[PDB]
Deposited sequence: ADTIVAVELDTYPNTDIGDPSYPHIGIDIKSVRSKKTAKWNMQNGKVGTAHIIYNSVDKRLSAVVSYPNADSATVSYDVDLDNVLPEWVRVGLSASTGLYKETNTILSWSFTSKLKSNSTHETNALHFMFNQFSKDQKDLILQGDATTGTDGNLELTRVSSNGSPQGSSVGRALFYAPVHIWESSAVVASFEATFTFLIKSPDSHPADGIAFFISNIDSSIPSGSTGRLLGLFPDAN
């Protein structure tokens, strides 16, 4: 199996696998059962912003998710990523639907990593039809309105159930090194989750994986395109 560290924006409570009873943000270390969660007032139809940060000094993975004119949700977990991730990784965005569904639209995505200095930075404020610096997996597409659609959306603009897709940055990323004084990363993305159903599902995740990571077979719904099972 892949090695996955993720931040989940989980729109749907799967209480059978440890989700709290409300939409939440969570920190996922090699399991869909979040090591840490916080309540998230997801706003159907509104553009949200997610901010993820980590540095080798505090070794604390932190995320903040917000909408304009609303209180943020924030979650943090103390984890030494040198003990979890390989030295080289790919970074990406994942989303899924199940028997309930939602648009999982990404409007922008930026990432910065630094090791003390070697740096990498990318910013996408628009996605083109042929975005050669992204690896699209499963149902993910680019070019529609200059957005990245992680999960399948029909020609009438309706989201489809039982969909999964991911976008990974083409270049491997040097996320830690034994000889580094300080290492840090940050990621930012803006997203639009819309459901015509009473209940949106299943969520979006920022993730870091082994370089050769692929969607686990059957990872639609509550597995968010990240995990082969709910252990």
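**Q** If a residue lacks a C-alpha atom here, it counts as unmodelled; so which stretches of the deposited sequence fall into that category?
**A** The deposited sequence has one unmodelled segment, at 117-122.
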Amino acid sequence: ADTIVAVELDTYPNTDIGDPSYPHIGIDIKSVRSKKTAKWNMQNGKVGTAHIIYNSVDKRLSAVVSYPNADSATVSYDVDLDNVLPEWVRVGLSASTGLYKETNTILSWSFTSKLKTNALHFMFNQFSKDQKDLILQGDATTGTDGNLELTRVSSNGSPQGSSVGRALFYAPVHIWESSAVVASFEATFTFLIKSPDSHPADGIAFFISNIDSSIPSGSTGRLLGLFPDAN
From here on, numbers count along this sequence of modelled residues.
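**Q** Look over 126-134 and 106-114 in the entry and identify the one with the greater average Cα temperature factor.
**A** Result of the comparison: 126-134.
**Q** Which is higher in the entry, the mean Cα B factor of 58-66 or that of 197-205?
**A** Averaged over C-alpha atoms, the B-factors run higher in 197-205.
**Q** Of 96, 76, 83, 147, which one's C-alpha B factor is largest in the deposited record?
**A** Each of 96, 76, 83, 147 was compared by C-alpha B-factor; the highest is 83.
**Q** Out of 188, 184, 44, 163, which residue has the highest Cα temperature factor in the PDB record?
**A** Across 188, 184, 44, 163, the entry lists the biggest C-alpha B-factor for 44.
**Q** According to the PDB entry, is the CA B factor of residue 6 in the bottom, middle or top third of its chain, that is, lowest, middle or highest?
**A** Ranked within chain, residue 6 CA B lands in the lowest tercile.
**Q** If you rank the chain by CA B-factor, which third does residue 180 end up in: lowest, middle or highest?
**A** It belongs to the highest third of the chain when residues are ordered by C-alpha B-factor.
**Q** Divide the modelled residues of the chain into thirds by Cα B-factor and specify which third, lowest, middle or highest, holds residue 14.
**A** For residue 14, whose C-alpha B-factor we compare with every modelled residue in the chain, the answer is the middle third.
**Q** Which third of the chain does residue 210 land in by C-alpha B-factor: lowest, middle or highest?
**A** Residue 210: CA B-factor falls in the middle third of its chain.
**Q** Classify residue 21 as lowest, middle or highest third according to the C-alpha B-factor given in the PDB entry, relative to its own chain.
**A** For residue 21, the deposited C-alpha B-factor lands in the highest third.
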